[PDB]
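The chain below stands alone and is given in structure tokens; this is the form deposited in one PDB entry.
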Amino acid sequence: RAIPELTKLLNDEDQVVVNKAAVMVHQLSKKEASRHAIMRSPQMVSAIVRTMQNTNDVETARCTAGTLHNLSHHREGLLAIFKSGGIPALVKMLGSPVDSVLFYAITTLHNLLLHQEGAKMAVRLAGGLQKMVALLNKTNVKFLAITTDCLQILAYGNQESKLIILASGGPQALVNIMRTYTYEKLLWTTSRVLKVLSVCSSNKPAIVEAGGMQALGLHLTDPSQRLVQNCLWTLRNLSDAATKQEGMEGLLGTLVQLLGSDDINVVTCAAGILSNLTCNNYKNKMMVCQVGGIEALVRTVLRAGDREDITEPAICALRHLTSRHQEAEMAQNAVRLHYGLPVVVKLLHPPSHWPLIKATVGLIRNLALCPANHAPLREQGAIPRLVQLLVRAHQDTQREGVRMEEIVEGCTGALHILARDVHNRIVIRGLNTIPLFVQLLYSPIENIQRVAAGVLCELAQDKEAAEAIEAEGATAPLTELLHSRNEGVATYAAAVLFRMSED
């Protein structure tokens, strides 16, 4: 048109002159077709960009910037935005003080990433990532939301970008946002970038140390299901890196409650996270117990029935909670008080698979430490059932999902604890187990030799038993294990030989 002829002189203006020309071009970009005439003037497209890059008058920038945003709407519009090198300039503008500039710069960059092929690479190259991470302390939540989204777009399926974000202190910034704001769309775009980073090994620890678990935990009762969902699954993925944090009170309490959810996948998830977060951290165990975690976990087990994606994690947490902390005995008792003993013992049967059976035998072991559990467990038929799992396991080793060594250790270990009670001892040798426990002493696995010597040790406190054990020729292997490298093995062998010859 005759509008291309006007754009011509518009390209010039190289002085104080410029400052006005920008305002003029910017205003003409507002039209629907006056946005087209400027599309096929790459001289102008490239001038609009040069000016903004270089110009050190504030309003001049917002007029060039604004211009490009108008053009970033059409499929041919971004194309020339890219081809004219505007991207690196846009990204340069992310350092500006003027918020009117920043808003244009980020919205335009967004558009480009979503649609213009080559943007992603280009933005990374300009150092957009490190820019965008540093803007995460701006205060406009709409802006934060778009900024975090850009990051998500650049991070996605791109580990290099993930590592770069980690390096720029991205995790702490993202986590601060999760701690501070409540605006749904922002928490959503932020929970997404987080999720995407949480699949990076290096970012896990970093997210965690920055208070990522606690911050996610703050939004688990949010009404926005898409948000709760991102938090739960991100929490779960992080849970294994998170066992040493403090300040986990609120999160643990909420997880217990989530066990009551009607949503199955929320329940499985909550179990998993609880299972991990109860690993080894004694404070976490006490809190979970204090908010009524045993009762919830039992209940959850009953409800789940045969659903092993639920019972395995929940049984594991129960097991963590029934040993190695100040309230472990209280927890052992609670399982009995809340009718847990029959479901627990029942899980030793089909259709349970080995991993669940492993966890369950582990749980029963701890359960047996509580004297008040010796008789009730016996009544449920724990002993004959453990002995069967043991014998089976040992036969398989004599010639998956789990190794039968664990089941053999596990089972023997459980019986070792059940042998503390005198009537249990009678039921135990009762099943002709004493030869099996002696031949176990010869196992290559030291763990197995230990639990075997352990159960023999308890049994031997009774005279008949001790003669029985003596009759099996236990004295030979015991005397040898007396020099095992393994402390426990040697400690029990001494223990057993001691009791073998008392009189």
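Counting begins at 1, following the sequence as shown. Just so we're on the same page, rigid core means the largest C-alpha set that superposes within 1.5 Å between forms.
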property: Deposited residues lacking coordinates between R399 and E400 (none, 1 to 3, 4 to 9, 10 or more); result: 10 or more
property: Stretch exceeding the other in mean C-alpha B-factor - 379 to 387, 226 to 234; result: 379 to 387
property: Higher-scoring stretch by recorded Cα B factor average, 8 to 16 or 486 to 494; result: 8 to 16
property: Most elevated Cα B-factor in the entry, residues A474, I38, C457, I448; result: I38
property: Out of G86, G212, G253, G305, residue topping the C-alpha B-factor column of the entry; result: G86
property: Lowest, middle or highest third - CA B-factor, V98; result: highest
property: Among modelled residues of the same chain, the CA temperature factor third for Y104; result: highest
property: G118 by Cα B-factor - lowest, middle or highest third of the modelled chain; result: highest
property: Ranked C-alpha temperature factor of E76 among modelled chain residues, by third; result: highest
property: Chain thirds of CA B-factor: placement of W188; result: lowest
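Keep in mind that the form deposited in another entry is missing from the display, and what follows is about it.
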query	finding
Only residue that shifts (Cα, 2 Å or more, rigid core superposed) between the shown form and the other one, among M121, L302, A372, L337	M121
